[PDB]
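Below is one structure, written out as structure tokens, with a few remarks after it.
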Amino acid sequence: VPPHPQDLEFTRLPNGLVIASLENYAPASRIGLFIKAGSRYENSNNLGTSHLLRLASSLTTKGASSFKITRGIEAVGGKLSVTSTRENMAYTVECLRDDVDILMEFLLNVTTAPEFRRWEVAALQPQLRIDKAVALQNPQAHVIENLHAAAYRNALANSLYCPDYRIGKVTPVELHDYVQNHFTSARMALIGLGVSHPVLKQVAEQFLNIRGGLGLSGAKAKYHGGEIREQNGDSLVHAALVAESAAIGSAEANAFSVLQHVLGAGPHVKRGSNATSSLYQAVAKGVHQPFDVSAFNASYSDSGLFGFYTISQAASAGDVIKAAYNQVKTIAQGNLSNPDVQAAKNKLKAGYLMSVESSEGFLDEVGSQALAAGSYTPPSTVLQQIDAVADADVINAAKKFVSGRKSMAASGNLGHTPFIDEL
Amino acid sequence: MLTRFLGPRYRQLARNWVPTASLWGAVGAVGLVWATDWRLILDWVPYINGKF
Amino acid sequence: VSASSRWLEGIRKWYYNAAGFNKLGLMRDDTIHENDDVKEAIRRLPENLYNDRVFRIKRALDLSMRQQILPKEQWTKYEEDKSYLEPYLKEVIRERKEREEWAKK
Amino acid sequence: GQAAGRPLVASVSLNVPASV
Amino acid sequence: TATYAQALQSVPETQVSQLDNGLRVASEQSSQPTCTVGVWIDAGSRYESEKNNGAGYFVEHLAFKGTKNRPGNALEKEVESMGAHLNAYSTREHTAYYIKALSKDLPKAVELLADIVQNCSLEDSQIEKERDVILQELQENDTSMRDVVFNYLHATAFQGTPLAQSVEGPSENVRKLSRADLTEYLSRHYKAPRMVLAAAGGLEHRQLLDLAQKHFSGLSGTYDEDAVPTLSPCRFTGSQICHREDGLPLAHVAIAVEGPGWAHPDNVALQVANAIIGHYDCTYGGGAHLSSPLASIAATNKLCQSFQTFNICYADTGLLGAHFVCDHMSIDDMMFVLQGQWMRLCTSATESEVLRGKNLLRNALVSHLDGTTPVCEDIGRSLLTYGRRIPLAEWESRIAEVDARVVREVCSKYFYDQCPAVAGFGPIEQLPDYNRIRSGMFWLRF
């Protein structure tokens, strides 16, 4: 039988910094520094700076050389990772309990005192080319990046990966300016599993008090609409069609999540027919070739994108897209039963609980809540908010998708893929 | 000058490698006695003694 | 001011003038023997200092070929000869000694 | 299940293969 | 204030019980809202003969397609409606079916598992429809060079024995496997003393036992007359297979020696030694400063795009070795440095690198058993291989015993002057001759 579980603790310091600890009793500890420094905060003059920054965590700092960081971390078998989205950067570290002090010292040095030495930065530049190429052999990454480029005019239009023409041109000064004006106390959150609260509070008060000086309000994302088409003659056509939906944290976002699971988000059974997926059956009626289709949902602080993603043969692309769009229209017209929405709510609640069952996903959820909302909302309240979604909200969300200005991206042999005005 | 070789690892390596160098020294010693027919040592060997 | 320091300054100035590399227009760091540490330190230099070093060495080699020296007004002054290769070589040696110390354990 | 459903995330690590 | 060891003692004990028919029911209770429950069966392609090879893999494709009680896609809808996830896999020695679901849905999930392992009809229309599906998957699988080279390694290492067979079977077998072959396979292998109902999550072991006696008591625990399959030991063979195919842009190479098996204590020390060699990928950030000599040399000199060491265990045998991927003009250097590191660990292992490998193994052990699904897998598989769950405090005890001397003796016992099995695929013209590889397994200086 396990002990009585301790509930998480949370603290906002007057300088804006957020500390969040949970004292469990697992043999390992995990610590993460979440920063509002994603690619949205680049502009047209310093594009790619956050990609190179993401690759430079093992470069020399003011307190530890690169050799010392690599050998000290590897000596005690620990791990250091840097995960980056369009909005956040997450410097996360894992190790056994008795070595957290060692690895904590490395983490602050990586984030608060990098030197960005000219020769070290220069020698790292070709890795940008390798890292992008490895990422870009999944067609979904290409398509989704073009989808964002077509949807937005600025900030959220920026890619997670460096444009090819900039490889070799990112300078140490740009890295200094990016760290200096984005890695500040009011933009940061320190989360920890398997660590005591006094220790984290001591570290924060001792070493993260010299990161003041907020600034760079950036710019709000202006949804535009448009279409990007990539003729490359691949075997299959990938296509994504979306509209503006809703900002995260709003009540409408729960309605969109439920609509996502009514339409069909992903498969649950190995080699299954997707029986309860209304999009898959709708396309399956008049399309006998192989294909796949899935609802797409991406929510951010001040905007969102909802729609669907199709993969099909080049000749069947139009049929699959038009069948999926008609199925969404049919839902927008009110043809939606109550067992459907109740099953969708069950899928959503189960998916949410399963998404925070790992220590990694729990730490990521707590860091995201800490930066977006400034608080911790326990799971039970989230399930409460999910149950409160009414069917009329889902129909209204479908109306919003059907009537909103569309954005489209496609890759493949596009000789039979329709334009937006042909849908 | 050569102070860089003073550490725990280098004395673990020497302790691991002294039996092999000892055996290659026995190989060289026996090979020299055999190749030169050194009577000073071979007079003591039992069956070899009859050759002289 | 210290008398011993004064004698050291005088002796160092005398030895600098006697060495004679200034007559070819070179600096002290131009004449360093190049090994792996010095090769890395030179590899880390910025563009302008590297190009200046290259041109100074080339001019010195041409003067040596022709068995000439510069006029006395172009000789490098002892006081203005400031080392440009100090911090780079210092950092490279520091890193190498850190690697050796780790290897000892 | 190859179709994308959620926005991209880019991962980089000192001693682990990168992922997307 | 708590130490690592005290945290290792706080992990709850895995309760184990056995029914009258022989079905073992095991569970690890947590305070989690979700759970994982499933059935691990002691069946695989090593038990299949040349006639019916690929039968079990065929059955995996039919397990979720319908039953006598829930025909057609009715099962798929029942699983989907409660938000659960149903999954399965087959290896050469183990088959597994498991469900991830809310704790409240535990009674129905267990029922479905009972329905799957007992009441399978295998509709003729479904057998014929899954025939072309499997054949298409074989065509797709041909394009994964990693899977190809590992099937070649098994094919040559254990040639002439059941372990040489692939899991999917040959193309010819799949196009004539009949329904009678599948029913005979099921009635001969899905017996109660070879299955283990494992669970992990928020659940009391009492209710799992009750559901087990409710839906698995009817399972047949009485074998046929004097019928019981026994695994014969498999002769290992030092040999080489080279598929030269220059149309491909990179060479894949897998090399391995004979391991001891699941229950040999030396595996712990072997896992320490492989941790010293570690792994590498061209996307790593460390590069020149990496601790592993092989990794730093490969990074600085660009000798390969990736490599990994492995220790694949079976009953009383196994494959211990490495695999790498590289340009066609770099194979000799990679082979040279790899064998040099094996000999270095055989003859001159130091204390500090061994402490490194111990720490790596401790972190890998703790970080892997993190979640309901890996724990449920460790329960079922441990109950099949070891016959019990080995607590983490015991693994820590076995790891602490390992020192440099133990590593030198175990490595000399399994690597030094042994005949390896080699598998090469792609532009492998520069792959060294077998005699040169074999000569690379000892040192004239030693």
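Note on naming: chains are A, B, ... as they come in the structure tokens, residues start from 1 per chain, ligands start from 1 in the order shown.
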
Report as an mmCIF file with N, CA and C atoms, in the first residue's frame the set of chain B residues whose atoms approach chain E to within 12 Å, with distances computed over only C-alpha atoms.
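Saved to iface_9.cif:
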data_model
loop_
_atom_site.group_PDB
_atom_site.id
_atom_site.type_symbol
_atom_site.label_atom_id
_atom_site.label_comp_id
_atom_site.auth_asym_id
_atom_site.auth_seq_id
_atom_site.Cartn_x
_atom_site.Cartn_y
_atom_site.Cartn_z
ATOM 1 N N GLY B 7 47.763 9.338 -11.327
ATOM 2 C CA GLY B 7 46.384 9.296 -10.905
ATOM 3 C C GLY B 7 45.901 7.883 -10.637
ATOM 4 N N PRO B 8 44.720 7.746 -10.020
ATOM 5 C CA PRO B 8 44.198 6.397 -9.726
ATOM 6 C C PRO B 8 44.009 5.510 -10.946
ATOM 7 N N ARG B 9 43.579 6.090 -12.067
ATOM 8 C CA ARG B 9 43.337 5.300 -13.270
ATOM 9 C C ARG B 9 44.632 4.715 -13.814
ATOM 10 N N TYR B 10 45.716 5.484 -13.793
ATOM 11 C CA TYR B 10 46.955 4.994 -14.379
ATOM 12 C C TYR B 10 47.577 3.892 -13.533
ATOM 13 N N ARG B 11 47.323 3.893 -12.221
ATOM 14 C CA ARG B 11 47.812 2.806 -11.383
ATOM 15 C C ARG B 11 46.891 1.601 -11.399
ATOM 16 N N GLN B 12 45.631 1.778 -11.794
ATOM 17 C CA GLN B 12 44.807 0.609 -12.071
ATOM 18 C C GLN B 12 45.213 -0.025 -13.393
ATOM 19 N N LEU B 13 45.605 0.794 -14.365
ATOM 20 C CA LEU B 13 46.044 0.244 -15.641
ATOM 21 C C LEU B 13 47.367 -0.491 -15.483
ATOM 22 N N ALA B 14 48.313 0.092 -14.742
ATOM 23 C CA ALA B 14 49.566 -0.614 -14.505
ATOM 24 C C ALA B 14 49.337 -1.905 -13.728
ATOM 25 N N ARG B 15 48.440 -1.892 -12.731
ATOM 26 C CA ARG B 15 48.211 -3.136 -12.010
ATOM 27 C C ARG B 15 47.576 -4.183 -12.912
ATOM 28 N N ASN B 16 46.783 -3.755 -13.900
ATOM 29 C CA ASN B 16 46.184 -4.716 -14.818
ATOM 30 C C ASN B 16 47.190 -5.258 -15.823
ATOM 31 N N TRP B 17 48.242 -4.495 -16.128
ATOM 32 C CA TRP B 17 49.155 -4.845 -17.209
ATOM 33 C C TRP B 17 50.494 -5.398 -16.751
ATOM 34 N N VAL B 18 50.778 -5.429 -15.453
ATOM 35 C CA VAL B 18 52.036 -6.039 -15.010
ATOM 36 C C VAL B 18 52.104 -7.560 -15.196
ATOM 37 N N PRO B 19 51.019 -8.352 -15.109
ATOM 38 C CA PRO B 19 51.192 -9.787 -15.416
ATOM 39 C C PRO B 19 51.563 -10.073 -16.861
ATOM 40 N N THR B 20 50.991 -9.332 -17.808
ATOM 41 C CA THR B 20 51.320 -9.541 -19.212
ATOM 42 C C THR B 20 52.769 -9.167 -19.502
ATOM 43 N N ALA B 21 53.220 -8.010 -19.013
ATOM 44 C CA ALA B 21 54.614 -7.643 -19.229
ATOM 45 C C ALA B 21 55.562 -8.607 -18.528
ATOM 46 N N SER B 22 55.158 -9.147 -17.374
ATOM 47 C CA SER B 22 55.955 -10.181 -16.719
ATOM 48 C C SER B 22 56.096 -11.411 -17.607
ATOM 49 N N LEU B 23 55.007 -11.812 -18.262
ATOM 50 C CA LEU B 23 55.087 -13.009 -19.088
ATOM 51 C C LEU B 23 55.891 -12.749 -20.354
ATOM 52 N N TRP B 24 55.755 -11.568 -20.961
ATOM 53 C CA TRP B 24 56.612 -11.280 -22.108
ATOM 54 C C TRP B 24 58.079 -11.136 -21.715
#

Once DSSP has gone over the backbone, tell me which residues of chain C are in alpha helix (DSSP H), as a ChimeraX atom specification.
/C:3-19,36-43,47-66,86-104

For chain C against chain E, which residues fall within 12 Å using only C-alpha atoms, given as a compact mmCIF listing (two decimals) with N, CA and C atoms, in the first residue's frame?
# COMPACT_ATOMS: atom_id res chain seq x y z
N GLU C 95 41.65 24.90 -20.87
CA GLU C 95 40.78 23.79 -21.24
C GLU C 95 41.56 22.48 -21.31
N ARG C 99 40.92 19.03 -19.11
CA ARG C 99 40.77 17.69 -19.68
C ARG C 99 41.74 16.70 -19.06
N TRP C 102 40.61 15.81 -15.51
CA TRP C 102 39.54 14.82 -15.56
C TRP C 102 40.08 13.44 -15.89
N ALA C 103 41.03 13.37 -16.83
CA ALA C 103 41.57 12.07 -17.23
C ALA C 103 42.31 11.39 -16.09
N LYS C 104 42.90 12.16 -15.18
CA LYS C 104 43.62 11.55 -14.06
C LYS C 104 42.70 10.71 -13.19
N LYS C 105 41.51 11.22 -12.88
CA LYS C 105 40.56 10.50 -12.04
C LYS C 105 40.11 9.21 -12.71

Residue list for chain D near chain E as JSON, numbers by chain, 12 Å, only C-alpha atoms
{"D": [11, 12, 13, 14, 15, 16, 17, 18, 19]}

Kindly export the residues of the current selection with C-alpha atoms, as a PDB file, in the first residue's frame.
ATOM      1  CA  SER D  11      12.614  18.192 -28.912  1.00  0.00           C
ATOM      2  CA  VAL D  12      16.401  18.386 -28.527  1.00  0.00           C
ATOM      3  CA  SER D  13      18.576  16.605 -25.973  1.00  0.00           C
ATOM      4  CA  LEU D  14      22.195  16.210 -24.924  1.00  0.00           C
ATOM      5  CA  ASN D  15      22.308  12.380 -24.976  1.00  0.00           C
ATOM      6  CA  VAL D  16      19.043  11.304 -26.652  1.00  0.00           C
ATOM      7  CA  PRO D  17      17.864  11.345 -30.283  1.00  0.00           C
ATOM      8  CA  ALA D  18      15.828  14.385 -31.242  1.00  0.00           C
ATOM      9  CA  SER D  19      12.162  14.039 -32.143  1.00  0.00           C
TER      10      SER D  19
END

Compute the chain A side of the contact with chain D at 7 Å, counting only C-alpha atoms, and hand it back as an MDAnalysis selection string.
chainID A and resid 55 80:85 135 140 265:267 292:298 309:311

Hey, could you make a per-residue contact list for chain A against chain C with 12 Å as the cut-off, showing the nearest pair of atoms and its distance in Å to one decimal, counting only C-alpha atoms, sorted by chain and number, as a Markdown table?
| residue | atom | partner | partner_atom | distance |
| --- | --- | --- | --- | --- |
| A:60 | CA | C:95 | CA | 11.3 |
| A:64 | CA | C:95 | CA | 11.3 |
| A:65 | CA | C:95 | CA | 8.4 |
| A:66 | CA | C:95 | CA | 9.9 |
| A:67 | CA | C:99 | CA | 8.0 |
| A:68 | CA | C:98 | CA | 8.7 |
| A:71 | CA | C:102 | CA | 9.1 |
| A:72 | CA | C:102 | CA | 10.3 |
| A:75 | CA | C:102 | CA | 11.3 |
| A:117 | CA | C:44 | CA | 10.1 |
| A:118 | CA | C:44 | CA | 8.6 |
| A:119 | CA | C:44 | CA | 6.4 |
| A:120 | CA | C:44 | CA | 9.5 |
| A:121 | CA | C:44 | CA | 11.8 |
| A:122 | CA | C:44 | CA | 10.6 |
| A:123 | CA | C:44 | CA | 11.1 |

Kindly export the residues of the current selection with N, CA, C and O atoms, as a short mmCIF file (atom, residue, chain, number, x, y, z; two decimals), in the first residue's frame.
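Generated file (selection08.cif):
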data_model
loop_
_atom_site.label_atom_id
_atom_site.label_comp_id
_atom_site.auth_asym_id
_atom_site.auth_seq_id
_atom_site.Cartn_x
_atom_site.Cartn_y
_atom_site.Cartn_z
N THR A 60 29.43 26.65 -23.74
CA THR A 60 30.11 27.12 -22.55
C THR A 60 29.30 28.23 -21.88
O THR A 60 28.73 29.09 -22.55
N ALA A 64 30.43 27.09 -16.00
CA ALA A 64 30.76 25.72 -16.39
C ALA A 64 31.13 25.68 -17.86
O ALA A 64 30.37 26.15 -18.70
N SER A 65 32.30 25.13 -18.17
CA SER A 65 32.65 24.93 -19.57
C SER A 65 31.75 23.86 -20.18
O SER A 65 31.05 23.12 -19.49
N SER A 66 31.75 23.80 -21.51
CA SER A 66 30.96 22.80 -22.22
C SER A 66 31.41 21.39 -21.87
O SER A 66 30.58 20.49 -21.65
N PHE A 67 32.73 21.17 -21.81
CA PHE A 67 33.27 19.88 -21.39
C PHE A 67 32.76 19.50 -20.01
O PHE A 67 32.35 18.36 -19.78
N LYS A 68 32.75 20.46 -19.09
CA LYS A 68 32.35 20.13 -17.73
C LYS A 68 30.86 19.83 -17.66
O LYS A 68 30.46 18.92 -16.94
N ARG A 71 30.39 16.22 -19.18
CA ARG A 71 30.94 15.10 -18.43
C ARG A 71 30.31 15.04 -17.04
O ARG A 71 30.10 13.95 -16.52
N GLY A 72 30.03 16.19 -16.43
CA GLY A 72 29.38 16.18 -15.13
C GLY A 72 27.98 15.60 -15.19
O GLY A 72 27.59 14.83 -14.31
N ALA A 75 28.30 11.80 -15.99
CA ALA A 75 28.93 11.03 -14.91
C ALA A 75 27.91 10.44 -13.95
O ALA A 75 28.06 9.29 -13.52
N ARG A 117 30.13 31.98 -27.25
CA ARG A 117 31.43 32.27 -27.84
C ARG A 117 31.37 32.13 -29.36
O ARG A 117 30.81 31.17 -29.89
N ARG A 118 31.96 33.12 -30.04
CA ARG A 118 31.90 33.25 -31.49
C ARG A 118 32.28 31.98 -32.24
O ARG A 118 31.56 31.54 -33.15
N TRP A 119 33.37 31.34 -31.84
CA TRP A 119 33.80 30.14 -32.55
C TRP A 119 32.89 28.96 -32.25
O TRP A 119 32.60 28.15 -33.13
N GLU A 120 32.44 28.83 -31.00
CA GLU A 120 31.52 27.75 -30.66
C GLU A 120 30.20 27.90 -31.41
O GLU A 120 29.64 26.91 -31.88
N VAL A 121 29.69 29.13 -31.50
CA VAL A 121 28.46 29.35 -32.26
C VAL A 121 28.68 29.03 -33.73
O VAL A 121 27.82 28.42 -34.37
N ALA A 122 29.82 29.43 -34.28
CA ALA A 122 30.10 29.18 -35.69
C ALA A 122 30.17 27.69 -35.99
O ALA A 122 29.64 27.22 -37.01
N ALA A 123 30.83 26.92 -35.12
CA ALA A 123 30.95 25.48 -35.34
C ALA A 123 29.63 24.74 -35.21
O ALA A 123 29.50 23.63 -35.75
#

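All residues of chain D that DSSP, run on the backbone, classes as strand (DSSP E) are residues 10, 11, 12 and 13 of chain D.
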